[PDB]
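Structure first, then comments.
Just so it is clear, the values below take in all heavy atoms, side chains as well, and ignore hydrogens, waters and symmetry mates. Note on naming: letters A, B, ... go to the chains in the order of the sequence lines (proteins, then strands), and numbering restarts at 1 for each one.
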There are 4 protein chains.
Amino acid sequence: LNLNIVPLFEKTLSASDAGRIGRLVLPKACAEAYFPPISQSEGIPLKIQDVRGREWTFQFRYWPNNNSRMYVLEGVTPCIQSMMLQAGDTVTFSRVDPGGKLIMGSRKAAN
Amino acid sequence: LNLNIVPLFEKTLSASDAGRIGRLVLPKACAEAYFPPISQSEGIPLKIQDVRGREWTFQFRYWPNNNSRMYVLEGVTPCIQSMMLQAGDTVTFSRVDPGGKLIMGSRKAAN
Amino acid sequence: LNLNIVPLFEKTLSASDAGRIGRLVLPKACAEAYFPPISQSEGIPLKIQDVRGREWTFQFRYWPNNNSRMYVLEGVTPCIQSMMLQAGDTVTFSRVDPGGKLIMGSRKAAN
Amino acid sequence: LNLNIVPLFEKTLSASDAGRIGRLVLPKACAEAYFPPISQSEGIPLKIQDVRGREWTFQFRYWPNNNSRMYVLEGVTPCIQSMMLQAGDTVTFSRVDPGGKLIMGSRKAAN
DNA sequence: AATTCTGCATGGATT
DNA sequence: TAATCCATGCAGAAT
DNA sequence: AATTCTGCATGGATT
DNA sequence: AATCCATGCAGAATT
DNA sequence: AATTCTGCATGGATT
DNA sequence: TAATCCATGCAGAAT
């Protein structure tokens, strides 16, 4: 056995995503591409560690938006600014295979 | 099957660690607590991935010093340069189980 | 407020303890005297600090094994090795008061 | 090489401690009992490891207050936020030997 | 030549 | 004091 | 044109 | 009547 | 009353 | 233009 980290996708935080309300809008291509598929209104909870083993629990959810859905991680506020990261910076999602483990990272703006 | 990340230790890079000399000094308590034990001064190769998939292979090695040992990773220059680390930034090592895979991260210095 | 460590109990590591499977077999008297009570043998996740300050989360669990049980901590091998313990060395458990925080420690064998 | 944690003391975080001023009042009894002695208002830098192995540097310092002193750690807001603590939670300090290193941990309020 | 690379030595800071 | 640790110095070996 | 920083000062709250 | 600490607060320093 | 949170629905952006 | 996406606004809800 030998494991490998695979990057899945990335999101740069909007002002809305960052803090306050507590939800992060996931790019919908990426959300269904790499995260679990859900049809249920309020979808599954997701559990994801960072590189230091710090576990986080979000609710992975949709909103019907017109014809199609809008994807969110709810319950993000501790993670964002327990990792002390504000708006316009980027949060990253990767995966450990085999086993499909979700791990997240975070890069601050280029300047 | 469920996988789990545990933090191992951190090192804040000295000018020699980030220097062109291409070596990183590991604290001896941390090297023996968390990296595989080594008998021969000629070390062992260690492979370490970051969040973004970029794997590195360093030589984990020691030097006789007084009577005790001094521990180093050699071959970090590709890694330093690539994640763009300077002296005073911090490199962190944590580990994935089962499989004892080594993963690294980094935070930039506060100023 | 001022804090106090109370020693609870010791185990001499068996050849089966830690190792590839990574479980530490607890004497049933000590698990029920000192660890939180558990009804289902799935157990609970338990958090324990080692003599290095490091916190770990192991699974506190049993197997029924006829009427009586056999109790284990799972996920101990990185921690045991961190303390440089080998079979025949000793694993120790202590309590911090107030608060009953559990500490996992170690003294190596008489030779 | 005998490893051993010694617990030193605890403090319950006030709204000013958990606040964003970033100074933590050490009770003068504990501050003089366990931290290195300081003669002069201008403090010394102090390094404290957290339970997950990350190093933090605060300023250990005092203020004249009536005839006696009032002691503080400055620069705690990122660290306090890191442990997801708020007013009424508890911060604890221990001393890992060999090396006399300070460890800071924390348990959240009873609810 | 003169520079870089290797392996250990040494010394400032801390326990 | 006495001891330890680790950032860096600095002598050969090698470009 | 604030906010944050400082260096305390004051006062509520325990004995 | 003491003492200790959570917080007020009034200038200085920094947007 | 009056701020917080839920679940959308609107409309600028970016294919 | 065409269709979505996604940043955010904003009413019934709920504290």
Side-chain angles (χ1 to χ4, degrees), chain A residues 11-18 20-32 41-42 59 61-72 74-75 77 87-88, chain B residues 11-31 41-43 59 61-72 74-75 77 87-88, chain D residues 1 11-32 36 41-47 59 61-72 74-75 77 87-88 95-102:
Chain A
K11 162 74 161 306
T12 170
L13 296 168
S14 70
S16 318
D17 285 325
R20 268 169 193 181
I21 306 72
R23 277 172 339 202
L24 166 77
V25 277
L26 310 161
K28 193 229 218 170
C30 303
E32 313 178 301
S41 83
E42 209 305 300
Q59 208 87 5
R61 169 88 186 272
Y62 72 67
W63 297 331
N65 187 241
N66 278 328
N67 167 41
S68 73
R69 295 166 276 205
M70 187 167 170
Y71 286 98
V72 287
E74 309 172 349
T77 311
Chain B
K11 165 72 159 38
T12 289
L13 306 166
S14 65
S16 318
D17 294 325
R20 91 200 208 94
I21 161 142
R23 302 183 203 118
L24 176 140
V25 178
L26 309 164
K28 184 190 173 189
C30 300
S41 183
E42 306 64 48
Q59 261 291 132
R61 162 152 185 151
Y62 70 84
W63 294 328
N65 169 275
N66 290 333
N67 177 339
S68 77
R69 299 167 172 188
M70 186 164 87
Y71 284 87
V72 289
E74 307 171 352
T77 303
Chain D
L1 172 132
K11 164 75 146 37
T12 310
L13 296 176
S14 71
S16 314
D17 297 329
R20 41 282 177 198
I21 299 184
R23 296 173 301 188
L24 181 142
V25 185
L26 312 165
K28 184 191 25 170
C30 303
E32 318 182 306
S41 182
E42 181 228 25
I44 68 166
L46 200 79
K47 282 172 170 180
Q59 257 296 132
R61 139 178 193 77
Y62 72 79
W63 299 330
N65 195 275
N66 302 339
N67 210 337
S68 73
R69 295 161 167 183
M70 182 169 170
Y71 292 87
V72 289
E74 314 176 357
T77 305
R95 157 148 292 145
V96 175
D97 299 319
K101 208 179 138 61
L102 283 182

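- Two residues, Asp17(D) and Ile21(D), neighbour DNA chain H, and the one matched to the more 5' nucleotide by heavy-atom proximity is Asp17(D).
- At a cut-off of 3.5 angstrom, counting only N and O atoms as typed in the model, there is no donor on one side facing an acceptor on the other between the side-chain of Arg61(A) and the base of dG7(I).
- A donor atom on one side chain and an acceptor atom on the other are found under 3.5 Å apart for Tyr71(D) and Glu32(D).
- When distances run from any side-chain atom of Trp63(D) to the nucleotides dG7(E), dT7(H), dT10(G), the shortest one goes to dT7(H).
- Using a 4.0 Å heavy-atom criterion, one finds that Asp97(D) contacts no nucleic acid atom at all.
- Between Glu74(B) and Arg61(B), at least one side-chain N (NZ, or NE/NH1/NH2) sits under 4.0 Å from a carboxylate O, which counts as a salt bridge.
- For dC5(H), the base has a donor-acceptor partner in the side chain of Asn65(D) [N/O atoms by modelled type, under 3.5 angstrom].
- Rounding to whole angstrom units, CG of residue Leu1(D) and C1' of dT15(E) are separated by 14 Å.
- When heavy atoms are screened at a 4.0 angstrom cut-off, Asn67(A) is found touching no nucleic acid atom at all.
- Contact check, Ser68(A) against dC5(J): a side-chain N or O comes under 4.0 Å of OP1 or OP2.
- Atom NZ of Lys47(D) and atom P of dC5(F) are 16 Å apart (whole Å).
- Proximity of a side-chain donor or acceptor of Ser41(D) to a complementary backbone N or O of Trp63(D) within less than 3.5 Å is not detected.
- Using a 4.0 Å heavy-atom criterion, one finds that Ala15(B) contacts the sugar-phosphate atoms exclusively.
- Taking atom CG of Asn66(D) as the reference point, atom P of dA9(G) lies 8 Å away to the nearest angstrom.
- Because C1'-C2'-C3'-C4' is negative for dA1(I), its sugar is assigned to the south class.
- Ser16(B) and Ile21(B) make their closest contact through O-CG2, 3.4 Å (heavy atoms, listed as atom of the first residue, atom of the second, distance).
- Judged by the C1'-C2'-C3'-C4' torsion, the sugar of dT4(E) sits on the south side, since the angle is negative.
- Taking all atoms of both residues into account, the shortest heavy-atom contact from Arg95(D) to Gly100(D) is NE-O, 3.5 Å.
- When rounded to the nearest whole Å, the span between CG of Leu24(B) and P of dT8(F) equals 12 Å.
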- Annotated structure of DNA chain E as dot-bracket, pair cut-off 3.5 Å, Watson-Crick or G-U only, | for inter-strand, is .||||||||||||||
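- Closest to the side chain of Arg23(D), out of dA6(H), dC8(G), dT4(E), is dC8(G).
- At the phosphate of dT4(E), OP1 or OP2 sits under 4.0 Å from a side-chain N or O atom of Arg20(B).
- We find that CG of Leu13(B) is positioned 11 Å from P of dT8(F), with the value rounded to whole Å.
- Listed pair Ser16(A) / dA7(J) fails the phosphate criterion, with no side-chain N or O lying under 4.0 Å from OP1 or OP2.
- We find that CD of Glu74(A) is positioned 11 Å from P of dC8(I), with the value rounded to whole Å.
- Within the nucleic acid shown, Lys101(D) has no heavy atom closer than 4.0 Å to any nucleic acid atom.
- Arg69(A) comes within contact range of no nucleotide atom at all, as no heavy-atom separation falls under 4.0 Å.
- If you take CD of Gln59(A) and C1' of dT6(I), they are 13 Å apart, rounded to a whole angstrom.
- Looking at heavy-atom distances under 4.0 Å, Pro98(D) makes no contact with the nucleic acid at all.
- Nucleic acid contact for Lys11(A): sugar-phosphate only, since backbone atoms but no base atoms lie under 4.0 Å from a heavy atom of the residue.
- Rounded to an integer number of Å, the gap from CG of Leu26(D) to P of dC5(H) is 10 Å.
- Residue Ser14(D) is classed as a sugar-phosphate contact, given heavy-atom separations below 4.0 Å to backbone atoms only.
- In plain terms, the two heavy atoms of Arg69(B) and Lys28(B) that are nearest each other are O-CD, 3.8 Å.
- Residue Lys28(B) places no side-chain N or O under 4.0 Å from the OP1 or OP2 atom of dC5(F).
- Heavy-atom minimum distance, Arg20(B) versus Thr77(B): O-OG1, 4.4 Å.
- Nearest approach of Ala87(B) to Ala18(B), heavy atoms of both residues: N-CB, 3.6 Å.
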- Task: Evaluate the salt bridge (charged side-chain N to carboxylate O under 4.0 Å, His left out) criterion for residues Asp17(A) and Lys11(A): first the C-alpha distance (whole Å), next the side-chain angles of each, then the deciding distance (0.1 Å), finally the verdict.
- Result: CA-CA 10 Å; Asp17(A) 285 325; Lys11(A) 162 74 161 306; 2.6 Å; yes
